RNA sequence: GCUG
Ligand SMILES: [Zn+2]
Ligand SMILES: [Zn+2]
């Protein structure tokens, strides 16, 4: 959260509320959600050798 | 992370589309610091500028709203938020042009948006002038 | 701010929106020579009924589509409205019924909301 | 000034990784390999640790204490 | 009758502007306005129905003049 | 060809949808169907065009501006040939006869041939 | 209404009354900073 | 800055505003978006009459 | 639906026969419409650190909370004080001292 | 007041109707458009966001014949709910099965 | 002095 040096103090109270990601990104529950279609490589001609 | 593409038509002439989630996480978050300074001088006549304390409301034992953030020395206090038409230094000056008679000359925060006070600097020059500088944060 | 011809000042119908900037359709960038790179523009609110009518009838954008000089149109399409239209009207483009409808349905907003 | 708590684009928490990354660099670990050990696979997350400049330590030298 | 039959753009702007000021000052409205709260919108509706009580006096440069009714002039 | 508001042939360029000059569909509508009809079309295109581009995608990358093999060979040949010809012209002015173009000094002529 | 100010170099709290020169005991510094407000301040995390 | 040019030929006017401009293609070509902060300041004097009395009350 | 891999904090699964529009909705809902608990208001007393209070408030909001969202309820507009059902309170007090 | 139905004309022809859905975005509209465009009766279905600022989607359904257009829209919402119910059950069963094999 |  922070870095302090001698004689420095942080005192605070935090209130946590339910929210959706649309209002703010802080409420989003997933680091990333993504979908990829499955690859289907097809060799049209047989490939042999080097 | 820039994607070079044409998106939404709001980017026709140099305009660029930003991401809301990136801005929320802190992309482009910036601080603006502004000054406010006041000088209290000792005149040729043996008279001086002074800072009066906060003017209390007698009916409610709290300062009037225009004086809400003043500390007991009449100078605004670090940490508190200033709003428009609020005084920072409750300065009064002699209208000498038999006892002194003072006109109020308060330093006031003009600004469309609210600012926070980070520190108040008090120092004095050799001529017995008192210098006050406020650092303000947005 | 710099006005070289009469089309640099025109009258528009206001619509109130939350964000701080002034906003207009980019087809009107060519008369104002505006480029959205931190450009600023001025606004004046005529305080009289007679000043509304002279602003609306004489200085309206729909009455000023052509420059007085050579009689050529200045309010017209610009970048990403010419490129999108070009790529749309090329011979290689074919759409099925689902994507035809979803491009056309974009126009159904405002006064076109009632048309079949 | 201080390591950002969450990656700007993806949103992964990258605040926890700063102390480990500095330690891995103190050892023989390469910058690419150190980022790999922390688990920052995507480029968006890697740049946050790689491009971060730690000014909090320098600024604190001038702090009141 | 030598002057152009068509109403000029300048003439339309002034006739609407005076009519709107008159309507905004509580003048009678001859168009049975339906849900209109703006004097300029009401004035434009009156011009379309050709019911505006104003006569345009066109002054020739010599000093002679010809008066054309707003209804008589063609509106483009 | 735009016959009865149907586009029968041709793509739409700057010269047909843009601000440059006449033959612009908007101008034709203006005079033929009045100012209001012309304005409506401009508004409609502005809505339609971004949606197609945004969902088809247009991008520019170092690949687009990267010189292909054909140009890379051609340039070498063209540059070498051009440099050699210029040297010869330079040789003539230095030591000999360069046909002086009408109305010009020899140095002026060399500049023109070289350019 | 007691007022305590902290000096720039010594960092020692000094009580200065009105019309008193801004010098700090334990040092010669003439720059003094007022202490932070005791009042609670609310910040929206957004 | 003289009276002829500074104060007569060209002069400062009220009911005026200035801001940065940015694009919006979803507006019609005859429209301009005005922010609420300018709209609350820039007022127009509407004369009260039979057509607008119940509108201006609200 | 086939679960290719599941480990704490990561799930990989394959949906076969679903359409892109339905699938995109699930991704969009997960990113924006699934509720969670996060710090909204920070009350600050005695913050003497170099970090600015506004920056410190933003950092605290970003930090994730392990509380289960389904148990709690949405706070009504205003209603700052809150209730046991609608809010969680966390107190951070740290003072730095020489060893 | 989430759904306001605006008929195309003063005549209130039922076949063409625009449904304005409040507090909505592409997530409901795109999914609903696919479900209601798989109906043979709907000739044209499209959604448009009036402005990025306002969270409302205008969905226009034009039916092939005399269908009121409420009937195609309602059927599409019902189909989307059934597709969601099936996916949730299939996903939960698959997740439980995977954990059991891991154990 | 710089932005427009
Ligand atoms: Zn990342
Ligand atoms: Zn000291």
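To match Swiss-Prot, the residue numbers of chain G are left as they are there, and the shown ones run 13-58.
Per the header of the entry, the method used was electron microscopy, 3.6 Å.
Here the Cβ of each residue, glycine as well, is placed from N, Cα and C on the backbone.
As annotated by Swiss-Prot, zinc finger applies to G:19-39. Positions annotated as Zn(2+) binding site by Swiss-Prot: G:19, G:22, G:36, G:39.
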If you run through the zinc finger (G:19-39) with DSSP, how many residues end up as helix, strand and coil? 0 helix, 4 strand, 17 coil
Comparing the binding-site residues G:19, G:22, which residue's C-beta has the most other C-beta atoms within 10 angstroms in this structure? G:19
Using other CB atoms within 10 angstroms as the count, which residue among the binding-site residues G:36, G:39 scores least? G:39
Non-site residues, in chain order, whose CB comes within 8 A of the mean position of the CB atoms of G:19, G:22, G:36, G:39 at Zn(2+): G:20, G:21, G:23, G:24, G:26, G:37, G:38, G:40, G:41, G:44
